[PDB]
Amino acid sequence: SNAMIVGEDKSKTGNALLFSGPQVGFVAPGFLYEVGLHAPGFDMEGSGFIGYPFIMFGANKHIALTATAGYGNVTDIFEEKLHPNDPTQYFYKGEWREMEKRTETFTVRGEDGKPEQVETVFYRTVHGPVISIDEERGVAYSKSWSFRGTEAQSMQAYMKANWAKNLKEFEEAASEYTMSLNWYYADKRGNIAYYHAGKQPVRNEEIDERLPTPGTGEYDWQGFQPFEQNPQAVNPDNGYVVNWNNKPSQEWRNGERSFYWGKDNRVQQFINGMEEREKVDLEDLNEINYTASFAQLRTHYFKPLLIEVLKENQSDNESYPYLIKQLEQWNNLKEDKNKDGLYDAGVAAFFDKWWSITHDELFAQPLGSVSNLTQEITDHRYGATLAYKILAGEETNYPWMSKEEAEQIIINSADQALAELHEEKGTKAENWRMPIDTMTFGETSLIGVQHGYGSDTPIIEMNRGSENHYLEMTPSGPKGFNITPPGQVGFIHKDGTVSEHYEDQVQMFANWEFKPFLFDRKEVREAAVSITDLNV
């Protein structure tokens, strides 16, 4: 998920701006639910995750808000020491303890429609639910959430954020949100604010937070940090905050998922867009979203390194001058501006292959014993920080290879990519242009449970939010535009024909078209198709 807030000093119009982009997959019915809420003293329009009684991506009369997953360290695993003769007993604070047991009965529809029944037992320790019992090794693993039991409190906090009107009220709600979310704020005065929310445990000093904690009692949580120590800023003097699930601040840590937050991080696409523009408007934010949606993320750090290495060995290979120039002219995107079903820049196909070959030449041998687990780290969705450091000759803890060995991998990988393209596609970048990757709004979301029938309409793949709001907090109130694919309504008629609003935003999404943000009643009435009463 990505987000941007822009203060008045950074805004072309002098009004604070807010951009939302929650990445919760593309499904039909959609993961989001858009609504307008209007009662005395409360007007708010936007969307929230399906089933939530509050707006997470929108604006009320005074403030706009959005959120991205914080990836703060709010889950710890405790390694419980098991009783040698009873795997349901664990040692804690000097005494053997019984796990809390409870039986659950599951009714399972049989292939013949008859309901079968399965009974199972689940366990909790003092640290939380037991997710695994390893009888041979004499240990079990329990799961502690710093927010355990406070999820309803979090819901209440989000409701207060809907009702907040100034920032004092928004900060209070943020101080009450116990789970790990970044929260973003913008108001009509020109202010912006950022809060990395979530309850942070005070951990034992001796523990390595990348690994499970011993559960015998000596290394328990010692409390929770005050919200005042959570990362947060009001009106940073650079006039903006962007986020794509990256590190909140330089002092912040997150233990076992640190490899999400490295020097090479995808938020760079949003930083670049802000740093290359002195001031921005909503149209600029949309350009940045477009760049991030189609960017080949490895280009930022790896393409300049590749270009330099090719230039230094230019006389060694006859194809390098052409290759160097194609990389330099390439805008680093995998896009289809002319909508011919082909990515516009053929050299992107070379770069995809070069990176793939290079990554495997770096790590296939040294990490062959753990590659099934480390591949998601060294070739991470957000970046490849270690790979860059090795190839750039920057300091690492383990001496993977010399600067010269790294140069040779870059050259070897380049030659192999060229060879494969020459064998398979041609000698000119235009021959290398690859067909676009496409996606459909599927039937199963991140919750892993089929909730509908999805959709068959394919659109170009985009590294992009499941919805987008572009909001400008003018003195007279929030204005802008948004899109909430696939559509508002998930109803399918018995006939088999979907609702008219089942999928009528999919092509607008794919074509970077937006519908107007509706807020005051005059513009809601002009847009009215039907008016209806209701009761209690």
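When you see a residue number, it is the position in the sequence shown, counting from 1.
**Student:** According to the deposited model, is the average Cα temperature factor higher in 308-316 or in 338-346?
**Tutor:** According to the entry, 308-316 carries the higher average C-alpha B-factor.
**Student:** Averaged over C-alpha atoms, is the B-factor higher for 491-499 or for 42-50 in this PDB entry?
**Tutor:** In the deposited entry, the stretch with the higher C-alpha B-factor mean is 491-499.
**Student:** Have a look at 95, 76, 287, 461 and flag the one whose Cα has the highest B-factor in the entry.
**Tutor:** Checking the PDB record, the top C-alpha B-factor among 95, 76, 287, 461 is at 95.
**Student:** Comparing recorded Cα B-factors across 237, 379, 112, 256, which one is largest?
**Tutor:** Among 237, 379, 112, 256, the highest C-alpha B-factor in the entry belongs to 112.
**Student:** Please rank the C-alpha B-factors of the chain's modelled residues and tell me whether residue 371 sits in the lowest, middle or highest third.
**Tutor:** Answer is middle: the recorded C-alpha B-factor places it there.
**Student:** Where does residue 221 sit by CA temperature factor within its chain: lowest, middle or highest third?
**Tutor:** Middle third - that is where residue 221 ends up once the chain's C-alpha B-factors are sorted.
**Student:** Using only modelled residues of the chain, where does the Cα B factor of residue 183 rank: lowest third, middle third or highest third?
**Tutor:** Lowest third.
**Student:** Ranked by Cα temperature factor within the chain, is residue 441 in the lowest third, the middle third or the highest third?
**Tutor:** Tercile = middle for this residue's CA B-factor.
**Student:** Determine, from the deposited record, the chain-internal third of the Cα B-factor for residue 10: lowest, middle or highest.
**Tutor:** Its C-alpha B-factor, which the entry lists for residue 10, ranks in the lowest third among residues of this chain.
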